[PDB]
Structure formats: C-alpha cells, structure tokens
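In structure tokens, the next block holds one chain alone, the form deposited in one PDB entry.
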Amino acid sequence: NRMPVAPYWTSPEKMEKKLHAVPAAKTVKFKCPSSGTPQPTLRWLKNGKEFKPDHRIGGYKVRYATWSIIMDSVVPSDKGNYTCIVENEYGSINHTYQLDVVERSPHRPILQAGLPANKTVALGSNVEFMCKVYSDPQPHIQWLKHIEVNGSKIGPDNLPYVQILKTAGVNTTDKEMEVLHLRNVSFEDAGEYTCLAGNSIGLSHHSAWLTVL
C-alpha cells in the first residue's frame, strides 16, 4: 500500500561493538534496530546456521519491539558468531556479533603435579628446580629454603622456618622464576626447597627435598 523501502538500520551507532566478551553466567543482548516498508522481519543465525531457541539450554528471549535477542546465563557452548537478518520483500541487511564467553579461575595458583621433584645429589654439581604454575590473576613466584634455626624446623606459630631464596620482580621473567638454580652445592645446602606461588586470591606451594652426599 505504501512506497516500498528496503530494510535499513535505525540505530547504527548502537551496533559498532562487534565483539562481546563476557564472563560465564552473565547475560548477553544483541540488538539490530532497523526499519522499512513493508515492515521487515527478523531472524538470527549462529555460526552460519539457523538459530532456534532449542539450540541452547533455556532458549533465549527475542523482543522484536527492540529488534533484540537476549541470552541469560551465558556458557562456553554459546561462543560464536551471532548474525541478525532483517528482511522484507525488497531487501536484506545483516550484522554479525561475536560472542566470547570467558571462564574465570577465582582460585589460588595451581602448581604442576610432580614439580619441583625431590633430589639427593653429588657435591659441586649444579642442580635445578622447576616449578610450573597455572593462575588466572597474575601470579607471583618465590623460592624458599626450609631453615633449621637452633634445632627446630617449625617456628613459634607452628609455621616451618624458611628463608627467601629468589623472588619475582620486574626483570627476571615469568620463566626465570620458574626455576631455582643452585651452584657448587655443598652440605649445608641440604633440606627442603619450597616454591610459593601466590595471587590476589591465595597462595599455593610445592616442596622437594635435597640431601647432600
């Protein structure tokens, strides 16, 4: 009845944020405000194929009044490209959003199993110690030596006596701290060597023993 008009974007600006990276469990909303005569329809694709609400647990909400799609409680399987298609007898336009669902590790550093491995070596030989760490918030690594001041190895607070041997700081490198290297190992260099990895959430530690002979 009215002069035909191919679909167009009613609010381009509100569309520039192409990449949507959000932490898991959050709620994502993609909007493609458009118009045209006859009045255009709207449908969504996900990684190429049609996107029906049966494709994700709990489906999703579409509010055509706002040309939007809404997904509550994002999960890893929601990762992908989301494309809206606006179509009427006289045309088609589309926009594609990239949804990335990030999982966080709000935990203390996880230390690799095994490392640092215990040891008993021969004098004068140069011995290493590898400590490998997984941590979301940037971790900080420090190597310690289980001191034996007086006769006790356990201090007055039930915490084992130690001495800081190597600390991470600007320089070194994430990979230089990953290892504690000894020189002409002696006798007194006998004991337990501990790697301490700590982040803004907590601290984790692994030990290894080294006897001299």
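We call the rigid core whatever largest set of C-alpha positions still superposes within 1.5 Å between the two forms. When you see a residue number, it is the position in the sequence shown, counting from 1.
The discussion below concerns the form deposited in another entry, not included here.
Superpose on the core and compare between the shown form and the other one; which one of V28, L182, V62, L42 crosses the 2 Å Cα shift mark?
So the only displaced C-alpha belongs to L182.
Core-aligned, does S125 move its Cα 2 Å or more between the shown form and the other one?
It does, since the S125 C-alpha is displaced 2 Å or more between the shown form and the other one after the core fit.
Taking the rigid core as the frame, does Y161 move its C-alpha by 2 Å or more between the shown form and the other one?
Yes, the C-alpha moves 2 Å or more.
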